[PDB]
Every structure is written in C-alpha cells, then in structure tokens.
Amino acid sequence: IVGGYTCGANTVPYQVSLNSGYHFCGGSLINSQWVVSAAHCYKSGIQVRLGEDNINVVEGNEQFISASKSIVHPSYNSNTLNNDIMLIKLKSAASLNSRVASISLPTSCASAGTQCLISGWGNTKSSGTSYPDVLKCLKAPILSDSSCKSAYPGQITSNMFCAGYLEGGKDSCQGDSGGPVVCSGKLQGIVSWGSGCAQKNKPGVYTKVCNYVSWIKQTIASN
Ligand SMILES: [NH3+]Cc1ccccc1
Ligand SMILES: [Ca+2]
C-alpha cells in the first residue's frame with residue numbers, strides 16, 4: 001500500500017497472509033474454513049496466516065493453518081487477468097473471535113463513489129521498494145466505469161473495477177495482491193492489477209466480487 005496508514009493490530013480481522021516460506025499475497029477469510037484470494041496468487045504449498053499484524057514477529061493472536069485444496073476460477077485468464085479469483089480451503093477450521101473474523105459476501109454490487117478500505121503488506125513506494133512488516137490500510141473510492149476504461153483502454157472487463165485516485169499518490173501495490181477491498185462491511189473487491197503503483201491516471205484494478213457470489217457459495221457447499 002502506497003500512501004496509506006498503519007491499520008493497527010488486528011483492526012482488519014478478516015485479512016490473511018498467504019505464506020510459502022515468506023509472505024507473497026493477501027486474502028480474506030469468508031468463513032471458518034475458506035479464504036478468497038486472487039487466482040494470480042496460486043501456488044502449491046500455501047500456509048494461511050490469520051490474526052497477523054507484524055508478519056515477522058509472533059505477537060500472540062496468530063493462527064497458522066495449511067491449505068487442503070485450492071480452486072482457481074474455471075475461466076481465469078492469466079494474460080488478461082479476467083476472473084482473477086481463487087478459493088482456498090483450510091485443513092482445519094479457524095477459531096473465530098474479535099481479532100480473527102470472517103467478512104461477509106455482498107448481496108449487491110457497490111456503486112462508483114462508495115468509499116472502501118484496502119489493506120495489505122505490499123510495497124509502500126511508487127519508485128523503489130520498501131516492504132512493511134505491519135499491516136497498512138488505505139481508504140479509497142470506487143471510480144466510475146467510464147473513468148476506469150479511459151485509464152485502461154481495451155483492458156477492463158465487466159468483472160473488474162477501478163478504485164483509488166486519478167491524481168496518483170495512494171494505491172495498492174505488489175504484495176497486496178489477493179487482499180480485500182471492503183465497502184460498507186462487505187467484501188467487494190480483490191486486489192488484482194494495475195500499471196505500477198500510485199502513478200497519475202493509473203489507478204488500481206480489482207476483481208468485482210459481486211459477480212462471483214453464486215460460484216463461491218456453490219463451490220463451498222460441495223467441497
Ligand atoms: N497498483 C495496483 C497494483 C499493481 C500491482 C499489484 C497489485 C496492485
Ligand atoms: Ca505475527
């Protein structure tokens with residue numbers, strides 16, 4: 001996250017870190033046994049880390065649970081990043097409390113102008129590299145589809161939305177991928193892609209979760 005603020009420990013209780021020896025992507029806890037992330041975060045050998053603030057220090061609220069199954073969306077296209085969504089089942093259920101909690105799925109799609117919260121452990125610089133150890137947060141609005149398509153001609157599908165600031169300065173970045181965009185207490189987006197971080201006229205692009213609720217619910221019910 002570029003241009004954000006330190007969230008505070010366990011203030012984003014649905015945020016997870018995906019770990020393969022190191023943090024590589026975010027995700028969101030949607031019930032005691034399932035996480036949703038980006039398909040472009042797929043790899044084998046995922047450990048899900050819940051209850052994290054500092055990802056390099058054991059602070060006492062962590063739960064570390066290995067994945068038993070990963071399910072990339074049937075129509076994910078790695079060239080265009082259309083359908084950039086994946087489900088991860090945990091080998092055992094997490095223990096839910098105030099500091100480790102699920103986030104609700106949306107019943108309706110959020111409109112442009114809605115303010116959302118984006119969070120992650122990704123790069124904090126637009127030029128160069130500095131990775132934080134504690135969770136960073138950013139408040140940002142959903143942009144109109146017309147502004148999003150104007151920023152990225154030929155690249156925005158109905159399964160994507162833009163959020164952020166056309167003036168630049170504040171954005172998600174590498175290492176935030178897979179993490180949550182929460183608006184009005186519901187999971188509306190997944191950090192997906194963009195051109196660089198925090199550049200003028202190049203806002204972040206997010207997977208539009210409201211288009212996937214039926215797939216999520218049916219997949220969880222049968223796996
Ligand atoms: N600035 C949006 C973004 C770029 C690369 C990875 C994740 C997010
Ligand atoms: Ca920790």
# chains A, B, ... in the order shown; residues from 1 in each chain; ligands from 1
$ residues_near_ligand --ligand "ligand 2" --cutoff "9 Å" --atoms "only C-alpha atoms and all ligand atoms" --output "JSON, numbers by chain"
{"A": [49, 50, 51, 52, 53, 54, 55, 56, 57, 58, 59, 60, 61, 62, 133, 134]}
$ write_last_selection --atoms "N, CA and C atoms" --output "compact mmCIF listing (two decimals), in the first residue's frame"
# COMPACT_ATOMS: atom_id res chain seq x y z
N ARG A 49 -2.06 -17.59 7.17
CA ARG A 49 -1.72 -17.00 8.46
C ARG A 49 -2.78 -15.96 8.80
N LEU A 50 -3.52 -16.26 9.86
CA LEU A 50 -4.61 -15.45 10.37
C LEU A 50 -4.14 -14.71 11.62
N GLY A 51 -4.82 -13.62 11.95
CA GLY A 51 -4.50 -12.91 13.18
C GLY A 51 -3.18 -12.17 13.18
N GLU A 52 -2.63 -11.89 12.00
CA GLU A 52 -1.33 -11.24 11.89
C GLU A 52 -1.44 -9.72 11.97
N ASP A 53 -0.42 -9.13 12.59
CA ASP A 53 -0.09 -7.73 12.39
C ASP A 53 1.34 -7.66 11.86
N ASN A 54 2.34 -7.80 12.72
CA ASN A 54 3.72 -7.91 12.25
C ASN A 54 3.96 -9.33 11.76
N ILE A 55 4.21 -9.47 10.46
CA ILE A 55 4.39 -10.80 9.86
C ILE A 55 5.74 -11.43 10.16
N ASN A 56 6.64 -10.70 10.83
CA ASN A 56 7.97 -11.19 11.20
C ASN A 56 8.13 -11.45 12.69
N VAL A 57 7.10 -11.22 13.50
CA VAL A 57 7.17 -11.39 14.95
C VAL A 57 5.93 -12.15 15.38
N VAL A 58 6.08 -13.13 16.26
CA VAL A 58 4.93 -13.82 16.84
C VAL A 58 4.45 -12.96 18.00
N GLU A 59 3.25 -12.41 17.85
CA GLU A 59 2.68 -11.46 18.80
C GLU A 59 1.60 -12.04 19.68
N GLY A 60 1.05 -13.20 19.34
CA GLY A 60 0.17 -13.93 20.22
C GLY A 60 -1.24 -14.18 19.71
N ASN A 61 -1.69 -13.56 18.62
CA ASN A 61 -3.04 -13.79 18.11
C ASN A 61 -3.06 -14.59 16.81
N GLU A 62 -1.91 -15.09 16.39
CA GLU A 62 -1.83 -15.79 15.12
C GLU A 62 -2.45 -17.18 15.17
N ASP A 133 6.48 -4.42 7.70
CA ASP A 133 6.24 -5.62 8.47
C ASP A 133 4.84 -5.64 9.09
N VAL A 134 4.22 -4.49 9.26
CA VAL A 134 2.89 -4.38 9.84
C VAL A 134 1.88 -4.02 8.75
$ residues_near_ligand --ligand "ligand 1" --cutoff "8 Å" --atoms "only C-alpha atoms and all ligand atoms" --output "ChimeraX atom specification"
/A:171-177,191-198,202-205
$ closest_residue --among "A:46, A:163, A:18, A:210" --to "residue 121 in chain A" --atoms "only C-alpha atoms"
A:18
$ select_by_dssp --residues "range 21-222 of chain A" --states "strand (DSSP E)" --output "PyMOL selection string"
chain A and resi 23-31+34-37+47-50+63-72+86-90+115-120+136-141+160-163+180-183+186-193+204-208
$ residues_around --residues "range 109-113 of chain A" --least-positions-apart "3" --cutoff "10 Å" --atoms "only C-alpha atoms" --output "ChimeraX atom specification"
/A:106,116,140-145,161-163,183-184,186-189,208-211
$ select_by_dssp --residues "range 26-176 of chain A" --states "alpha helix (DSSP H)" --output "number ranges by chain"
A: 145-151
$ write_last_selection --atoms "C-alpha atoms" --output "compact mmCIF listing (two decimals), in the first residue's frame"
# COMPACT_ATOMS: atom_id res chain seq x y z
CA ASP A 145 -16.57 2.55 -15.14
CA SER A 146 -16.06 5.30 -17.72
CA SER A 147 -13.01 6.69 -15.88
CA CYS A 148 -11.63 3.17 -15.40
CA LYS A 149 -12.00 2.32 -19.10
CA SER A 150 -10.49 5.65 -20.09
CA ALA A 151 -7.42 4.91 -17.93
$ closest_residue --among "A:66, A:32, A:119, A:130" --to "residue 20 in chain A" --atoms "only C-alpha atoms"
A:66
$ closest_residue --among "A:48, A:221, A:36, A:213" --to "residue 107 in chain A" --atoms "only C-alpha atoms"
A:213
$ closest_residue --among "A:216, A:136, A:12, A:35" --to "residue 120 in chain A" --atoms "only C-alpha atoms"
A:136
$ decode --residues "range 122-139 of chain A" --atoms "N, CA and C atoms" --output "JSON list (two decimals), in the first residue's frame"
[["chain", "number", "residue", "atom", "x", "y", "z"],
["A", 122, "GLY", "N", 2.01, -5.13, 1.18],
["A", 122, "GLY", "CA", 2.77, -4.88, -0.02],
["A", 122, "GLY", "C", 3.65, -3.65, 0.04],
["A", 123, "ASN", "N", 4.33, -3.43, -1.08],
["A", 123, "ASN", "CA", 5.30, -2.35, -1.22],
["A", 123, "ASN", "C", 4.63, -1.01, -0.90],
["A", 124, "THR", "N", 5.37, -0.14, -0.22],
["A", 124, "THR", "CA", 4.88, 1.17, 0.17],
["A", 124, "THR", "C", 5.45, 2.30, -0.68],
["A", 125, "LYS", "N", 6.23, 2.00, -1.70],
["A", 125, "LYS", "CA", 6.83, 3.04, -2.55],
["A", 125, "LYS", "C", 6.37, 2.91, -4.00],
["A", 126, "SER", "N", 6.16, 4.06, -4.65],
["A", 126, "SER", "CA", 5.85, 4.12, -6.07],
["A", 126, "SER", "C", 7.10, 3.98, -6.93],
["A", 127, "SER", "N", 8.23, 4.41, -6.40],
["A", 127, "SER", "CA", 9.52, 4.22, -7.03],
["A", 127, "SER", "C", 10.43, 3.58, -6.00],
["A", 128, "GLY", "N", 11.01, 2.46, -6.36],
["A", 128, "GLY", "CA", 11.80, 1.71, -5.41],
["A", 128, "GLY", "C", 10.96, 0.75, -4.61],
["A", 129, "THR", "N", 11.55, 0.27, -3.52],
["A", 129, "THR", "CA", 10.98, -0.85, -2.78],
["A", 129, "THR", "C", 11.20, -0.70, -1.29],
["A", 130, "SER", "N", 10.12, -0.82, -0.53],
["A", 130, "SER", "CA", 10.18, -0.90, 0.91],
["A", 130, "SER", "C", 8.95, -1.68, 1.35],
["A", 131, "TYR", "N", 9.17, -2.82, 1.95],
["A", 131, "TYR", "CA", 8.07, -3.66, 2.38],
["A", 131, "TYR", "C", 7.91, -3.53, 3.88],
["A", 132, "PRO", "N", 6.69, -3.28, 4.33],
["A", 132, "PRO", "CA", 6.43, -3.08, 5.74],
["A", 132, "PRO", "C", 6.28, -4.44, 6.42],
["A", 133, "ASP", "N", 6.48, -4.42, 7.70],
["A", 133, "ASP", "CA", 6.24, -5.62, 8.47],
["A", 133, "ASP", "C", 4.84, -5.64, 9.09],
["A", 134, "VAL", "N", 4.22, -4.49, 9.26],
["A", 134, "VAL", "CA", 2.89, -4.38, 9.84],
["A", 134, "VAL", "C", 1.88, -4.02, 8.75],
["A", 135, "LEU", "N", 0.61, -4.30, 9.04],
["A", 135, "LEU", "CA", -0.44, -4.16, 8.05],
["A", 135, "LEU", "C", -0.73, -2.68, 7.78],
["A", 136, "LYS", "N", -0.84, -2.32, 6.50],
["A", 136, "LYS", "CA", -1.16, -0.97, 6.07],
["A", 136, "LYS", "C", -2.56, -0.94, 5.46],
["A", 137, "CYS", "N", -3.18, 0.23, 5.57],
["A", 137, "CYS", "CA", -4.57, 0.47, 5.22],
["A", 137, "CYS", "C", -4.66, 1.70, 4.32],
["A", 138, "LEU", "N", -5.69, 1.71, 3.48],
["A", 138, "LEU", "CA", -5.95, 2.84, 2.59],
["A", 138, "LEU", "C", -7.45, 2.96, 2.39],
["A", 139, "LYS", "N", -7.99, 4.16, 2.56],
["A", 139, "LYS", "CA", -9.37, 4.44, 2.20],
["A", 139, "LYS", "C", -9.37, 5.01, 0.79]]
